[PDB]
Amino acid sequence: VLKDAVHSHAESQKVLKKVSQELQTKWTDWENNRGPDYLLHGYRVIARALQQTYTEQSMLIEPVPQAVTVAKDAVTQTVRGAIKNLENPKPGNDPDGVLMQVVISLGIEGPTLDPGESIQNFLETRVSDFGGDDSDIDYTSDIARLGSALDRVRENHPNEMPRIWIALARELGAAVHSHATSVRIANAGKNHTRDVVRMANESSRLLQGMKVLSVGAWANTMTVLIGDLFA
């Protein structure tokens, strides 16, 4: 390589760990001290990232196999399950957000995953990440249906994946907005929209920089933020 780029890669590795640590210290201070505003800034960042995959994947769109229609049906079914688990649980269960946390991770991170990792492996990894291995609900059939439908499309015709990301991102973005207003109204008298907007802009510029530097590092930091949302 150029000597020059090899030196810049090391400098980038150092900047990357500094930004990750600064993000997590900012978020721990904000969650600790700024209460509900922290959660609302979280939803704002998540909504922005979903809008990002919505627009970028919309740019990529240039007969369409049945596997695509099956994948679209699997994402609506699974997102429905995620929201039901979170906001209208069965009699005898408590609200559970991990399925929502994993499908949001998929909407945000899925388009930039390495081809070598299957969607099914991604989903299982993030169920583990969000503490879902010790839970009350079985996510097995939900994540199975999503993972198999999406991996069928990703193996047979990856160039068709945008149609799925688009539909996933759009629906999730709407669900986030609806849910954010519920949290916001629940905290009437304590909301500071100026601080939410500022916090969301700081977080987003640091996360976007991190994403250009290392998509896996960005995805792990995003996992931390998403873990604080959806109860």
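The numbering used is simple: start at 1 and walk along the sequence shown.
Item to check | Residue range whose averaged C-alpha B-factor is higher in the record, 74 to 82 or 141 to 149 | outcome: 141 to 149 has the higher mean C-alpha B-factor.
Checklist entry - Given the B-factors recorded for C-alpha atoms, which segment has the greater mean, 128 to 136 or 94 to 102? => result The deposited B-factors put 128 to 136 ahead on the C-alpha mean.
Next on the checklist: Using only the C-alpha B-factors in the record, can you name which of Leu60, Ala47, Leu206, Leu39 has the highest?
Outcome noted: Comparing C-alpha B-factors across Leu60, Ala47, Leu206, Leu39, the maximum falls on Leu60.
Checklist entry - What third of its chain, lowest, middle or highest, does the C-alpha temperature factor of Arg198 fall into? => result Ranked within chain, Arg198 CA B lands in the lowest tercile.
Checklist entry - Which third, lowest, middle or highest, does the CA B-factor of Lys190 fall in along this chain? => result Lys190: CA B-factor falls in the highest third of its chain.
Item to check | CA B-factor ranking of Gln66, expressed as a third of its chain | outcome: Top third by C-alpha B-factor.
Item to check | Third of the chain's Cα B-factor distribution that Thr221 belongs to, per the entry | outcome: It falls in the bottom third of the chain.
Checklist entry - Comparing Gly116 with the other modelled residues of its chain, is its CA B-factor in the lowest, middle or highest third? => result Its C-alpha B-factor belongs to the highest third of this chain's values.
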